[PDB]
Amino acid sequence: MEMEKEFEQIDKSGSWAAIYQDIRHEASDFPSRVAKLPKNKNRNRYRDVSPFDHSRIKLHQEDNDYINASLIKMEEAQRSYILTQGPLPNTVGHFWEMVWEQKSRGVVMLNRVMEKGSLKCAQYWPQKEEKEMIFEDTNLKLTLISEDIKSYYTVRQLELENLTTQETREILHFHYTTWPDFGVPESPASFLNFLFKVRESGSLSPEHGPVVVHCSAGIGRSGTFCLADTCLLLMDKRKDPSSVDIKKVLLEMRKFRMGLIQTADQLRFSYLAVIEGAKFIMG
Ligand SMILES: COc1cc(C(=O)O)cc(OC)c1OC
């Protein structure tokens with residue numbers, strides 16, 4: 001049933017919680033044995049957050065292929081995304097190796113390095129042109145080319161170098177800066193404006209490798225990001241954009257990664273973004 005009618009009635013009523021919980025109860029339960037090996041212990045930021053074996057990204061490394069990252073593949077909607085945790089001090093190098101092997105064009109970041117007085121991730125990119133970073137473990141180098149600072153987001157151009165072969169690769173870093181410490185944004189406009197810019201650069205397009213998106217854990221914030229985009233897209237694609245059911249798309253995405261969207265609030269945000277979003281691509 002029509003999204004807005006649905007959202008109007010879930011609100012009126014107060015039921016966001018009920019609905020979130022039902023999604024939670026029917027979500028897929030696939031194994032995660034590799035994440036759990038003992039040898040893979042410093043490569044995981046949260047214990048209740050793992051990547052399924054069947055959809056995890058392997059590092060092209062002969063000694064430890066393990067990384068906390070997942071490939072979400074949406075069939076109908078012709079889109080692929082990689083969702084992953086914020087890098088830890090020992091995985092910084094692995095992070096950048098995946099970007100390279102996966103042939104990604106963009107990197108989407110939805111958190112701040114420090115939120116609520118605590119560290120949420122490592123400072124994994126260089127902050128001055130002349131102050132480059134070196135990934136000894138992975139034989140890669142990272143260089144800051146340009147910065148463009150905005151009110152609600154920051155975009156950075158980055159250059160990766162195979163030390164090995166002197167090969168280079170230009171990467172695009174999209175950093176959403178203003179998700180609040182507590183809660184959800186009031187209005188979705190800014191996040192939507194941030195999506196479209198992501199879209200506009202080609203970073204989600206098929207002639208490139210899949211886009212890498214992270215927050216802290218890689219599932220709440222990050223899940224909102226792609227849920228909203230997929231849906232928007234389906235709405236342009238189908239005959240009746242009124243059939244797209246957000247709850248179904250989410251359960252689907254979750255066949256690929258656990259816990260996409262972490263709170264009822266977060267689910268309701270998701271709706272708003274989609275409703276407003278569509279206002280644009282139906283006019
Ligand atoms: C309501 O169901 C569908 C409707 C449309 C459409 O084009 O309206 C496309 C679909 O995907 C193939 C559907 O999924 C089964």
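Every number for a ligand or one of its atoms is a count from 1 in the order of the listing. Side-chain atoms are counted along with the backbone in the values below, which use heavy atoms only and exclude waters and symmetry mates. For the single chain, residues carry numbers from 1 onward in sequence order.
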The protein heavy atom nearest to atom 7 (O) of ligand 1 is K239 N, 3.1 Å

Using modelled atom types and a 3.5 Å cut-off, is there a donor and acceptor pairing between side-chain atoms of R43 and backbone atoms of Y66? yes

For the pair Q266 (side chain) and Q262 (backbone), establish whether a donor and an acceptor sit closer than 3.5 Å, ignoring hydrogens and angles. yes

Looking only at protein heavy atoms, identify the closest one to atom 2 (O) of ligand 1 and say how far it is in Å. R238 NH1, 4.2 Å

Residues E170 and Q157: side-chain donor-acceptor under 3.5 angstrom: no

As a test of the contact definition, would atom 15 (C) of ligand 1 count as having a protein heavy-atom neighbour under 4.0 Å? no

For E101 against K58, the heavy-atom pair lying closest together: OE1-O, 4.3 Å

Distance-only donor-acceptor check, side chains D229 and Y81, under 3.5 Å: yes

Atoms in ligand 1 with a heavy atom of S243 nearer than 4.0 Å: 1 (C)

Would you mind running through ligand 1 and noting each atom that sits below 4.0 Å from a heavy atom of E76? 10 (C), 11 (O), 12 (C)

